[PDB]
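All remarks here apply to the structure that follows.
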Amino acid sequence: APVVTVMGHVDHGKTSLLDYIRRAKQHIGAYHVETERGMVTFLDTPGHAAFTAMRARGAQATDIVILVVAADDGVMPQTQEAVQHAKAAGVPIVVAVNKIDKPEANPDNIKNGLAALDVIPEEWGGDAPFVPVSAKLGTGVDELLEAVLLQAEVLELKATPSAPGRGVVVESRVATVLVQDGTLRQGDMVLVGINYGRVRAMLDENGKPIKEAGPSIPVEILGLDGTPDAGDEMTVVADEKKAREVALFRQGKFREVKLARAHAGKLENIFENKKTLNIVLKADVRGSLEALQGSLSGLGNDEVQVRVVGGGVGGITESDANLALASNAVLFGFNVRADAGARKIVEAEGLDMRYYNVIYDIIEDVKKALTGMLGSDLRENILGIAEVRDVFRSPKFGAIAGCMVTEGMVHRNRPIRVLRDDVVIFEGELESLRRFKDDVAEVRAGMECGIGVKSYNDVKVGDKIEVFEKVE
Ligand SMILES: Nc1nc2c(ncn2[C@@H]2O[C@H](COP(=O)(O)OP(=O)(O)O)[C@@H](O)[C@H]2O)c(=O)[nH]1
């Protein structure tokens, strides 16, 4: 009885397939279906973003993952990101073409498009299965439900019924847990993550009250003193003082491990702490991604092997940061900046995150990291940010844009970058800046000004302008 997570591109059929499967044989976070070949359960929330977030806390609540693609407009970049996320942990991947109920959409380019992703099918090399399904039409459910269990061909031992409570939390709305090992008879003391309580309500997916929990079945518990996190682990204790002592020891241990990760996980400590140095790469364009991947694929043979575990085009989404945290890798943003959630995750944990705007710099830094004598605190710094709120261009010289300066100081003697959607578009120099039509040469923090950049008039609303100095 494995655990299934649905993964795929947006608007491809993940929710539709999950709903059809549930209806064939009240949203809490998980559900289960009984089949003659064997019971199989699914998690309500699909997508790799939620899958890796709980992965990052060592939960490992996945057994088999299924990709859903479409015969039309198939294998989009998010599908590649999802398969990367599934392979980083390491699980068998079962793929399924969903929209095979379209006006002659051929499920043939999908196979040889996904083949060049280490998802080689059976008829090609014999590595992964391919199934035609259709949530709308209904043809293909039986094949998928047989293949999900057929490809689950590991020992699958343990999960002993008579065992102490051991499960993982899913959704802390009252909460829900999908227990891995043991039984969850109500009334006994329970330690759910950093939390203590007693089992008073033990509702099921359909709301029918029960008292016993299956080996790999979900259950919604209610009665705890509050709300734990979404990736913690739950067990059974006996003494409330024991639970409190365990909670305080967990505070101490987490506070120690955060500093240990922020220390050893930096790029500067690669040689000291093989080890198969992992990196997570983000680039502004596909060419600068492929070139960097080809350069970083081979670097050092006898000592340390560098393998890229990510690779995407756009800003540093919090899913990318969660993947890097789970894989304990090093961020690498080439001409791309992080978002708010990525900034939050990087601030919380260690997450060595360094930016670059030159291809050679990344190879140089990685070579020194493998060598072990790299220099620290180099390659410029950020000294000011402004947000563009209005762009006006008179028909005599149109380059001025109104900007609100946020958390920094913008000046005239330093080069600038202009970026949209956390992606840079131009890196030149500052031509003019003025307040109240007065040509001031220094704008403080929190102020408002009018900025015009030389030899570039394309600024729009909601941009960002960063000012930096090459300091060595
Ligand atoms: N023709 C056809 N349309 C489908 C099929 N499956 C899903 N759809 C449509 O595609 C959309 C899928 O959206 P959905 O998967 O729920 O969004 P997501 O959860 O963000 O991926 C739905 O609005 C359906 O109407 C199918 O097998 N055939």
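Starting from 1 in every chain, residues are counted up; chains themselves are A, B, ... following the order of the structure tokens, and ligands are numbered from 1 as listed.
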All residues having an atom within 12 Å of ligand 1 (only C-alpha atoms and all ligand atoms) as a PyMOL selection string: chain A and resi 6-20+44-48+67-72+78-79+96-105+132-141
Residue selection dump (N, CA and C atoms) as a short mmCIF file (atom, residue, chain, number, x, y, z; two decimals), in the first residue's frame:
data_model
loop_
_atom_site.label_atom_id
_atom_site.label_comp_id
_atom_site.auth_asym_id
_atom_site.auth_seq_id
_atom_site.Cartn_x
_atom_site.Cartn_y
_atom_site.Cartn_z
N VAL A 6 0.58 13.26 -7.05
CA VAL A 6 0.29 13.62 -8.43
C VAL A 6 1.10 14.85 -8.80
N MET A 7 1.80 14.78 -9.93
CA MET A 7 2.72 15.82 -10.35
C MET A 7 2.57 16.06 -11.84
N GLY A 8 2.58 17.32 -12.25
CA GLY A 8 2.47 17.63 -13.66
C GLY A 8 2.42 19.12 -13.90
N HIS A 9 2.33 19.47 -15.18
CA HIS A 9 2.24 20.86 -15.60
C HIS A 9 0.87 21.43 -15.27
N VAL A 10 0.81 22.76 -15.15
CA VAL A 10 -0.45 23.43 -14.82
C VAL A 10 -1.44 23.23 -15.95
N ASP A 11 -2.72 23.04 -15.59
CA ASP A 11 -3.81 22.87 -16.55
C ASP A 11 -3.59 21.66 -17.45
N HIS A 12 -3.09 20.57 -16.86
CA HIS A 12 -2.92 19.33 -17.60
C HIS A 12 -3.82 18.19 -17.13
N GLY A 13 -4.35 18.27 -15.92
CA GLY A 13 -5.32 17.28 -15.49
C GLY A 13 -5.05 16.60 -14.16
N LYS A 14 -4.14 17.16 -13.36
CA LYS A 14 -3.82 16.55 -12.08
C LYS A 14 -5.04 16.53 -11.16
N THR A 15 -5.67 17.69 -10.97
CA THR A 15 -6.84 17.76 -10.10
C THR A 15 -7.99 16.94 -10.67
N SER A 16 -8.20 17.01 -11.99
CA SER A 16 -9.27 16.25 -12.61
C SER A 16 -9.06 14.75 -12.43
N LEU A 17 -7.83 14.28 -12.65
CA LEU A 17 -7.55 12.85 -12.49
C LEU A 17 -7.73 12.42 -11.04
N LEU A 18 -7.24 13.22 -10.09
CA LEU A 18 -7.39 12.88 -8.68
C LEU A 18 -8.87 12.81 -8.30
N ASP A 19 -9.66 13.79 -8.74
CA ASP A 19 -11.08 13.81 -8.42
C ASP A 19 -11.80 12.62 -9.04
N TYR A 20 -11.48 12.29 -10.29
CA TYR A 20 -12.13 11.15 -10.94
C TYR A 20 -11.78 9.85 -10.22
N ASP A 44 -3.98 14.92 -1.35
CA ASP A 44 -4.92 15.83 -2.00
C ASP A 44 -4.19 16.90 -2.80
N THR A 45 -3.20 17.56 -2.19
CA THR A 45 -2.51 18.65 -2.86
C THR A 45 -1.51 18.10 -3.87
N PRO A 46 -1.64 18.41 -5.16
CA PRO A 46 -0.66 17.94 -6.14
C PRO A 46 0.48 18.93 -6.31
N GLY A 47 1.40 18.63 -7.23
CA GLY A 47 2.49 19.54 -7.53
C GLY A 47 3.77 19.25 -6.78
N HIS A 48 4.91 19.51 -7.42
CA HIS A 48 6.20 19.27 -6.78
C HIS A 48 6.48 20.28 -5.68
N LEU A 67 3.57 11.29 -13.24
CA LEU A 67 3.48 12.46 -14.10
C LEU A 67 2.28 12.34 -15.02
N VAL A 68 1.56 13.44 -15.20
CA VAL A 68 0.45 13.51 -16.14
C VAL A 68 0.80 14.54 -17.20
N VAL A 69 0.81 14.10 -18.46
CA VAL A 69 1.07 15.01 -19.58
C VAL A 69 -0.10 14.92 -20.54
N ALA A 70 -0.06 15.73 -21.60
CA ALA A 70 -1.13 15.77 -22.59
C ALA A 70 -0.56 15.54 -23.98
N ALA A 71 -1.34 14.87 -24.82
CA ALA A 71 -0.91 14.64 -26.20
C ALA A 71 -0.75 15.96 -26.94
N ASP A 72 -1.67 16.89 -26.74
CA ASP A 72 -1.50 18.27 -27.19
C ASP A 72 -0.61 19.01 -26.20
N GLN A 78 7.63 23.15 -16.87
CA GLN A 78 7.27 22.73 -15.52
C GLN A 78 7.22 21.21 -15.38
N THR A 79 6.91 20.49 -16.45
CA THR A 79 7.01 19.03 -16.41
C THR A 79 8.45 18.58 -16.18
N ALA A 96 1.84 9.22 -17.60
CA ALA A 96 0.53 8.93 -18.18
C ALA A 96 0.13 10.10 -19.07
N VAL A 97 -0.26 9.80 -20.30
CA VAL A 97 -0.75 10.85 -21.19
C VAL A 97 -2.24 11.05 -20.92
N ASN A 98 -2.63 12.29 -20.61
CA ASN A 98 -3.99 12.55 -20.15
C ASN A 98 -4.92 12.90 -21.30
N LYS A 99 -4.62 13.97 -22.03
CA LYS A 99 -5.52 14.45 -23.08
C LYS A 99 -5.28 13.64 -24.35
N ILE A 100 -5.78 12.41 -24.33
CA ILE A 100 -5.74 11.53 -25.49
C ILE A 100 -7.15 11.45 -26.07
N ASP A 101 -7.99 12.41 -25.68
CA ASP A 101 -9.37 12.52 -26.14
C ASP A 101 -9.57 13.82 -26.90
N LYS A 102 -8.64 14.14 -27.79
CA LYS A 102 -8.57 15.40 -28.50
C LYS A 102 -8.64 15.14 -30.00
N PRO A 103 -8.93 16.18 -30.80
CA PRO A 103 -9.05 15.97 -32.25
C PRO A 103 -7.72 15.64 -32.91
N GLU A 104 -7.33 14.37 -32.84
CA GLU A 104 -6.10 13.85 -33.43
C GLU A 104 -4.88 14.58 -32.84
N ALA A 105 -4.70 14.35 -31.54
CA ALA A 105 -3.48 14.72 -30.84
C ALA A 105 -2.67 13.45 -30.62
N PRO A 132 -1.70 5.33 -21.68
CA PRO A 132 -2.74 6.27 -22.13
C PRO A 132 -3.92 6.25 -21.18
N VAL A 133 -4.23 7.42 -20.60
CA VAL A 133 -5.37 7.59 -19.72
C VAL A 133 -6.17 8.78 -20.21
N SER A 134 -7.38 8.93 -19.66
CA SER A 134 -8.23 10.07 -20.00
C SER A 134 -9.22 10.26 -18.86
N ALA A 135 -9.04 11.33 -18.08
CA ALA A 135 -9.96 11.60 -16.99
C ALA A 135 -11.35 11.94 -17.51
N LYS A 136 -11.43 12.71 -18.60
CA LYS A 136 -12.73 13.08 -19.15
C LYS A 136 -13.44 11.87 -19.75
N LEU A 137 -12.74 11.10 -20.58
CA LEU A 137 -13.36 9.95 -21.22
C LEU A 137 -13.52 8.77 -20.27
N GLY A 138 -12.54 8.56 -19.39
CA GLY A 138 -12.56 7.47 -18.44
C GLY A 138 -11.73 6.27 -18.84
N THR A 139 -11.34 6.17 -20.11
CA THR A 139 -10.59 5.02 -20.59
C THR A 139 -9.13 5.15 -20.17
N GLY A 140 -8.66 4.21 -19.35
CA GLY A 140 -7.28 4.20 -18.89
C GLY A 140 -7.11 4.14 -17.38
N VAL A 141 -8.18 4.22 -16.59
CA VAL A 141 -8.03 4.17 -15.14
C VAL A 141 -7.51 2.81 -14.70
#
Residue list (helix (DSSP H, G or I), DSSP) for segment 153-295 of chain A, as a ChimeraX atom specification: /A:240-264,267-269,286-295
Spatial neighbours of residue 186 of chain A, max dist 12 Å, only C-alpha atoms, sep filter under 4 positions, as a PyMOL selection string: chain A and resi 165+190+197-203+209-213+219-223+236
Please produce an output containing N, CA and C atoms for each residue in the selection, written as a PDB file, in the first residue's frame.
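The result, stored in result13.pdb:
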ATOM      1  N   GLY A 165       3.261   4.319  17.824  1.00  0.00           N
ATOM      2  CA  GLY A 165       2.830   5.318  16.866  1.00  0.00           C
ATOM      3  C   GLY A 165       3.968   6.022  16.156  1.00  0.00           C
ATOM      4  N   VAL A 190       0.151  11.747  22.850  1.00  0.00           N
ATOM      5  CA  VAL A 190       0.787  11.826  21.542  1.00  0.00           C
ATOM      6  C   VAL A 190       1.680  13.057  21.496  1.00  0.00           C
ATOM      7  N   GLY A 197      -0.230  16.287  23.261  1.00  0.00           N
ATOM      8  CA  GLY A 197      -1.670  16.282  23.425  1.00  0.00           C
ATOM      9  C   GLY A 197      -2.207  14.882  23.608  1.00  0.00           C
ATOM     10  N   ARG A 198      -3.530  14.778  23.517  1.00  0.00           N
ATOM     11  CA  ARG A 198      -4.226  13.505  23.594  1.00  0.00           C
ATOM     12  C   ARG A 198      -5.209  13.416  22.438  1.00  0.00           C
ATOM     13  N   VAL A 199      -5.463  12.190  21.987  1.00  0.00           N
ATOM     14  CA  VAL A 199      -6.312  11.949  20.826  1.00  0.00           C
ATOM     15  C   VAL A 199      -7.755  11.904  21.315  1.00  0.00           C
ATOM     16  N   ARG A 200      -8.488  12.992  21.084  1.00  0.00           N
ATOM     17  CA  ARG A 200      -9.909  13.062  21.394  1.00  0.00           C
ATOM     18  C   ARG A 200     -10.788  12.839  20.172  1.00  0.00           C
ATOM     19  N   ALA A 201     -10.426  13.419  19.029  1.00  0.00           N
ATOM     20  CA  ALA A 201     -11.143  13.221  17.778  1.00  0.00           C
ATOM     21  C   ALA A 201     -10.203  12.589  16.763  1.00  0.00           C
ATOM     22  N   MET A 202     -10.667  11.522  16.115  1.00  0.00           N
ATOM     23  CA  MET A 202      -9.868  10.696  15.212  1.00  0.00           C
ATOM     24  C   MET A 202     -10.634  10.461  13.912  1.00  0.00           C
ATOM     25  N   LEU A 203     -11.084  11.552  13.299  1.00  0.00           N
ATOM     26  CA  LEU A 203     -11.963  11.452  12.144  1.00  0.00           C
ATOM     27  C   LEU A 203     -11.228  10.864  10.941  1.00  0.00           C
ATOM     28  N   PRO A 209     -16.295   8.588  12.401  1.00  0.00           N
ATOM     29  CA  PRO A 209     -15.370   8.380  13.522  1.00  0.00           C
ATOM     30  C   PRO A 209     -14.884   6.940  13.585  1.00  0.00           C
ATOM     31  N   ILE A 210     -13.607   6.779  13.925  1.00  0.00           N
ATOM     32  CA  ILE A 210     -12.973   5.479  14.084  1.00  0.00           C
ATOM     33  C   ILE A 210     -12.053   5.537  15.298  1.00  0.00           C
ATOM     34  N   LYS A 211     -11.437   4.399  15.613  1.00  0.00           N
ATOM     35  CA  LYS A 211     -10.484   4.312  16.712  1.00  0.00           C
ATOM     36  C   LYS A 211      -9.130   3.748  16.314  1.00  0.00           C
ATOM     37  N   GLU A 212      -9.035   2.996  15.222  1.00  0.00           N
ATOM     38  CA  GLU A 212      -7.793   2.371  14.796  1.00  0.00           C
ATOM     39  C   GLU A 212      -7.340   2.966  13.470  1.00  0.00           C
ATOM     40  N   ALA A 213      -6.029   3.125  13.322  1.00  0.00           N
ATOM     41  CA  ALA A 213      -5.429   3.668  12.114  1.00  0.00           C
ATOM     42  C   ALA A 213      -4.701   2.565  11.360  1.00  0.00           C
ATOM     43  N   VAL A 219      -5.607   9.967   8.661  1.00  0.00           N
ATOM     44  CA  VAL A 219      -6.605  10.229   9.694  1.00  0.00           C
ATOM     45  C   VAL A 219      -6.413  11.653  10.191  1.00  0.00           C
ATOM     46  N   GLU A 220      -7.528  12.335  10.443  1.00  0.00           N
ATOM     47  CA  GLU A 220      -7.515  13.703  10.940  1.00  0.00           C
ATOM     48  C   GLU A 220      -7.691  13.677  12.453  1.00  0.00           C
ATOM     49  N   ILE A 221      -6.676  14.147  13.168  1.00  0.00           N
ATOM     50  CA  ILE A 221      -6.684  14.182  14.624  1.00  0.00           C
ATOM     51  C   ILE A 221      -7.051  15.584  15.081  1.00  0.00           C
ATOM     52  N   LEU A 222      -7.824  15.655  16.161  1.00  0.00           N
ATOM     53  CA  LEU A 222      -8.220  16.917  16.766  1.00  0.00           C
ATOM     54  C   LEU A 222      -8.210  16.764  18.278  1.00  0.00           C
ATOM     55  N   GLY A 223      -7.663  17.768  18.958  1.00  0.00           N
ATOM     56  CA  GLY A 223      -7.528  17.731  20.400  1.00  0.00           C
ATOM     57  C   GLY A 223      -6.209  18.302  20.880  1.00  0.00           C
ATOM     58  N   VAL A 236       4.203   8.511  19.876  1.00  0.00           N
ATOM     59  CA  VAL A 236       3.414   8.327  21.090  1.00  0.00           C
ATOM     60  C   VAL A 236       4.342   8.403  22.295  1.00  0.00           C
TER      61      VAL A 236
END
Between atom CA of residue 174 of chain A and atom CA of residue 238 of chain A - distance in Å to one decimal: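 That distance, rounded to one decimal, is 20.8 Å.
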Nearest-residue call for residue 66 of chain A, choices A:441, A:160, A:27, A:5, using only C-alpha atoms: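 Smallest separation from residue 66 of chain A among the options: A:5.
The spacing separating atom CA of residue 435 of chain A from atom CA of residue 381 of chain A amounts to 25.8 Å.
Residues in contact range of residue 331 of chain A, defined as at most 8 Å between only C-alpha atoms, with sequence neighbours fewer than 5 positions away removed, read residues 279, 280, 281, 321, 324, 351, 352, 353 and 354 of chain A.
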Could you write those residues out with N, CA and C atoms, as a PDB file, in the first residue's frame?
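Saved result, selection_2.pdb, follows:
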ATOM      1  N   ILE A 279      24.667  21.273  -6.855  1.00  0.00           N
ATOM      2  CA  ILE A 279      24.380  22.665  -7.167  1.00  0.00           C
ATOM      3  C   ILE A 279      22.973  22.760  -7.740  1.00  0.00           C
ATOM      4  N   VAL A 280      22.376  23.939  -7.588  1.00  0.00           N
ATOM      5  CA  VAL A 280      21.056  24.242  -8.129  1.00  0.00           C
ATOM      6  C   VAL A 280      21.198  25.500  -8.972  1.00  0.00           C
ATOM      7  N   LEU A 281      20.959  25.376 -10.272  1.00  0.00           N
ATOM      8  CA  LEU A 281      21.277  26.424 -11.227  1.00  0.00           C
ATOM      9  C   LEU A 281      20.014  27.088 -11.758  1.00  0.00           C
ATOM     10  N   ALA A 321      14.337  26.795  -3.878  1.00  0.00           N
ATOM     11  CA  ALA A 321      15.055  26.887  -2.611  1.00  0.00           C
ATOM     12  C   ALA A 321      14.762  25.688  -1.717  1.00  0.00           C
ATOM     13  N   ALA A 324      16.783  22.836  -3.025  1.00  0.00           N
ATOM     14  CA  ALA A 324      18.182  22.989  -2.641  1.00  0.00           C
ATOM     15  C   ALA A 324      18.397  22.634  -1.175  1.00  0.00           C
ATOM     16  N   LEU A 351      21.229  27.873   3.350  1.00  0.00           N
ATOM     17  CA  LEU A 351      20.926  28.149   1.946  1.00  0.00           C
ATOM     18  C   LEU A 351      21.887  29.181   1.349  1.00  0.00           C
ATOM     19  N   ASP A 352      23.145  28.759   1.215  1.00  0.00           N
ATOM     20  CA  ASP A 352      24.131  29.584   0.528  1.00  0.00           C
ATOM     21  C   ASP A 352      23.614  29.958  -0.855  1.00  0.00           C
ATOM     22  N   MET A 353      23.343  31.244  -1.062  1.00  0.00           N
ATOM     23  CA  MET A 353      22.750  31.742  -2.300  1.00  0.00           C
ATOM     24  C   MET A 353      23.585  32.914  -2.791  1.00  0.00           C
ATOM     25  N   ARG A 354      24.271  32.721  -3.911  1.00  0.00           N
ATOM     26  CA  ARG A 354      25.170  33.716  -4.471  1.00  0.00           C
ATOM     27  C   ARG A 354      24.800  34.000  -5.921  1.00  0.00           C
TER      28      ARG A 354
END
Counting only C-alpha atoms, the option among A:191, A:260, A:146, A:151 closest to residue 65 of chain A: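 Closest residue, counting only C-alpha atoms: A:151.
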Those in segment 18-208 of chain A with strand (DSSP E) from DSSP, as a ChimeraX atom specification: /A:30-33,40-43,64-69,93-97,130-132,166-169,175-181,189-192,196-198,201-203
Within 12 Å of residue 40 of chain A, counting only C-alpha atoms, which residues qualify if same-chain residues fewer than 6 places away don't, as a PDB file with C-alpha atoms, in the first residue's frame?
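Result went into out.pdb, see below:
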ATOM      1  CA  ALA A   1       0.000   0.000   0.000  1.00  0.00           C
ATOM      2  CA  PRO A   2       2.247   2.810  -1.260  1.00  0.00           C
ATOM      3  CA  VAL A   3       1.636   6.570  -1.153  1.00  0.00           C
ATOM      4  CA  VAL A   4       1.026   8.421  -4.424  1.00  0.00           C
ATOM      5  CA  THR A   5       1.687  12.074  -5.248  1.00  0.00           C
ATOM      6  CA  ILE A  21     -10.097   8.485  -9.131  1.00  0.00           C
ATOM      7  CA  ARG A  22     -11.599   9.465  -5.773  1.00  0.00           C
ATOM      8  CA  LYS A  25     -14.137   4.325  -5.666  1.00  0.00           C
ATOM      9  CA  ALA A  30      -5.261  12.869   1.731  1.00  0.00           C
ATOM     10  CA  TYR A  31      -7.558  10.054   0.647  1.00  0.00           C
ATOM     11  CA  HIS A  32      -7.469   6.318  -0.005  1.00  0.00           C
ATOM     12  CA  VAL A  33      -8.962   3.832  -2.470  1.00  0.00           C
ATOM     13  CA  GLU A  34      -9.399   0.078  -2.004  1.00  0.00           C
ATOM     14  CA  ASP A  63       6.684   5.939  -2.505  1.00  0.00           C
ATOM     15  CA  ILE A  64       5.507   6.332  -6.117  1.00  0.00           C
ATOM     16  CA  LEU A 144      -2.973   3.200 -14.407  1.00  0.00           C
ATOM     17  CA  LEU A 145      -4.125   1.523 -11.184  1.00  0.00           C
ATOM     18  CA  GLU A 146      -2.507  -1.754 -12.236  1.00  0.00           C
ATOM     19  CA  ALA A 147       0.732  -0.028 -13.268  1.00  0.00           C
ATOM     20  CA  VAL A 148       1.062   2.012 -10.063  1.00  0.00           C
ATOM     21  CA  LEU A 149       1.234  -1.241  -8.076  1.00  0.00           C
ATOM     22  CA  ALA A 152       5.932  -0.766  -6.873  1.00  0.00           C
ATOM     23  CA  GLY A 214      -4.220   1.570   9.202  1.00  0.00           C
ATOM     24  CA  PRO A 215      -0.599   0.914   8.249  1.00  0.00           C
ATOM     25  CA  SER A 216      -0.522   3.561   5.496  1.00  0.00           C
ATOM     26  CA  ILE A 217      -3.910   5.247   5.895  1.00  0.00           C
ATOM     27  CA  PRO A 218      -4.662   8.909   6.720  1.00  0.00           C
TER      28      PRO A 218
END
Shell of 12 Å around residue 229 of chain A, only C-alpha atoms, local chain residues under 2 positions omitted, as a PyMOL selection string: chain A and resi 53-54+57+59+168-177+192-195+226-227+231-234
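For residue 446 of chain A, the list of residues within 8 Å, based on only C-alpha atoms and with local chain neighbours fewer than 4 positions off taken out, reads residues 404, 405, 406, 407 and 408 of chain A.
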Expected file: the selected residues, N, CA, C and O atoms, as an mmCIF file, in the first residue's frame:
data_model
loop_
_atom_site.group_PDB
_atom_site.id
_atom_site.type_symbol
_atom_site.label_atom_id
_atom_site.label_comp_id
_atom_site.auth_asym_id
_atom_site.auth_seq_id
_atom_site.Cartn_x
_atom_site.Cartn_y
_atom_site.Cartn_z
ATOM 1 N N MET A 404 10.531 55.136 -6.215
ATOM 2 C CA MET A 404 10.586 55.205 -4.761
ATOM 3 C C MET A 404 11.764 54.364 -4.289
ATOM 4 O O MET A 404 11.825 53.163 -4.574
ATOM 5 N N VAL A 405 12.703 54.994 -3.592
ATOM 6 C CA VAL A 405 13.902 54.302 -3.135
ATOM 7 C C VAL A 405 13.574 53.536 -1.861
ATOM 8 O O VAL A 405 13.091 54.117 -0.881
ATOM 9 N N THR A 406 13.829 52.231 -1.870
ATOM 10 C CA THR A 406 13.509 51.360 -0.752
ATOM 11 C C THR A 406 14.779 50.690 -0.250
ATOM 12 O O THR A 406 15.540 50.128 -1.045
ATOM 13 N N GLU A 407 14.991 50.753 1.063
ATOM 14 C CA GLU A 407 16.086 50.085 1.778
ATOM 15 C C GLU A 407 17.409 50.165 1.013
ATOM 16 O O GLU A 407 18.002 49.160 0.618
ATOM 17 N N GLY A 408 17.871 51.389 0.816
ATOM 18 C CA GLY A 408 19.148 51.603 0.170
ATOM 19 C C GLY A 408 19.319 53.043 -0.257
ATOM 20 O O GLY A 408 18.437 53.883 -0.079
#
Among listed residues A:465, A:346, A:369, A:430, nearest residue 383 of chain A (using only C-alpha atoms):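 So, comparing all the options, the nearest one is A:465.
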Closest of A:244, A:345, A:466, A:432 to residue 453 of chain A - atom-to-atom distances counting only C-alpha atoms: A:432
Computed interatomic separation between atom CA of residue 189 of chain A and atom CA of residue 243 of chain A (Å): 9.3 Å
